[PDB]
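One chain comes next, on its own, written as structure tokens: the form deposited in one PDB entry.
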């Protein structure tokens, strides 16, 4: 079995996930909706390539049973139509991740600078891990309560590394304990930009990784997924590569079409404490 500290470690992470992951997205309100220069022109071409890779239709299910469905247009600024909404979704998700990190005892004891640096480097990764738990691989749809995001028209989709990540991770059929441990391992990455206490974060990540390794051996005897632990660690390595690629994508689009919310601006590159006033405020409550 697991040690007393290992079981309590999983118990704390699971309680954190329940307190801070709004799976029904019931409290995601007041969001935006679509339809509701030579140096600049050159940067547009690359931004158009970034936006056509992830094209989803939007579905809004009302309490009465009615459904409002948004089908995106074909490629001007029309390819930016979903950005103000996705910014509000990302910002809403990031607030839940910030709250997730705050209740973890190992994260709360860290200096405020390292708390800022770890959340900055892992925000995208923990959000994709949370999005994968509501991803329907049969329909290609992220089901976020009354909101749904359906991929628009497979081997072309799998070429997109972010979409391939969600299909591959969903195929592993992970439990909630394995997702929340993946979030812990990703959150406590010691080699994030700006981390000071490099060794103590490295030591915390090793305890979360050993706990995941021990959990799988004690709760997963089915050969359904052999080497599940090493497969998970490979997905986290791939998730770090996708994080760098898509963080560059957002900066390119933000350069010619500003959409990032004030919380996202601190999350990207738009003295550590002074440059992250909102993150510092949220991390105090």
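For the two forms, the rigid core is made up of the largest set of C-alpha atoms that agree within 1.5 Å on superposition. Numbering follows the first chain given and starts at 1.
Same protein, other form: the form deposited with a partner chain bound, not shown, and the subject of what follows.
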- Task: Using the partner position in the entry with it bound, report whether residue 102 sits within 4.5 Å of its partner chain, counting heavy atoms only.
- Result: yes
- Would residue 137 count as a contact of its partner chain in the entry with it bound, using a 4.5 angstroms cut-off between non-hydrogen atoms? no
- Spell out, yes or no, whether the shortest heavy atom distance between residue 124 and its partner chain in the entry with it bound is within 4.5 Å. no
- Task: State yes or no: in the entry with it bound, is some non-hydrogen atom of residue 107 no more than 4.5 angstroms from a non-hydrogen atom of its partner chain?
- Result: yes
- Query: Is its partner chain close enough to 98, 116 and 266 in the entry with it bound that each of the three has a heavy atom within 4.5 Å of it?
  - Reply: yes
- Candidates 225, 257, 249, 55 - which moves between the shown form and the other one, C-alpha at least 2 Å, core fixed: 225
